[PDB]
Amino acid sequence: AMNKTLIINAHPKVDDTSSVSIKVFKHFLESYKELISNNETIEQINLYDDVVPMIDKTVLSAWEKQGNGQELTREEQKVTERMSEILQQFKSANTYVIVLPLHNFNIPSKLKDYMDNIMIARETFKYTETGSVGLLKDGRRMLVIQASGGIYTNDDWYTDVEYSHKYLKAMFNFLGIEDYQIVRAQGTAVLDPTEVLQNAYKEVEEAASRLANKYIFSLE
């Protein structure tokens, strides 16, 4: 992986500033940009604006043919080329930032489609005899920024059904990405909006320092 950070924006509203997770992300990005070395570049994929191919009849057909050395059709060629772009972009980054609203206790549908683009055998993982293993075991880092109506840190039912987080941590650990943090801008339905924003802002500042490996300090 290069000196490159990749933003994976899973918010249906893409760039709308009034989104809690988008506000927190923008605060993160401003903070991060101050601390990163000059060798670091940044890319962003917008899952609800950019083309992120869904697994359909055509993709399954393309994949079956590729496994038989068979020629692809025009549309099979075009979709797989885009999936290849998305995968190669993912592999090129050693720092990942996922931004999502938690709706209905799982990752956004388009984030599932994105997972379907980047979890590829012989590329990000491989099959063996006792199962499979991840191929990206080289010290990459992941930060998840999640805004939610409810609160998930009370070790109750909500904690148990937070499948967005459970799934993402699991999959990325599988791939080899073991440095994982989630910032929960949680309780937007029951807590003070300025309280949510300010608590999340502080955590993503600390995350920015960590990821950039810098410490920032001011006298009072």
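Start at 1 with the first residue shown and count on from there.
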**Request:** Take the C-alpha B-factors listed in the entry for 50-58 and for 166-174, compute each mean, and give the stretch with the larger one.
**Result:** 50-58
**Item:** 140-148 set against 69-77, stretch whose average Cα temperature factor tops the other in the entry
**Value:** 69-77
**Prompt:** Which of these, 129, 123, 116, 85, has its C-alpha atom at the highest B-factor, as the entry lists it?
**Reply:** 129
**Asked** Of the choices 159, 41, 194, 181, which one's C-alpha carries the largest B-factor in the record?
**Response** 194
**Request:** Grab the CA temperature factor for residue 185 from the record and place it in the lowest, middle or highest third of its chain.
**Result:** middle
**Request:** Just say lowest, middle or highest third for the CA B-factor of residue 35 relative to the other modelled residues in its chain.
**Result:** highest
**Asked** Mind checking which third residue 14 falls in for C-alpha B-factor across the chain?
**Response** highest
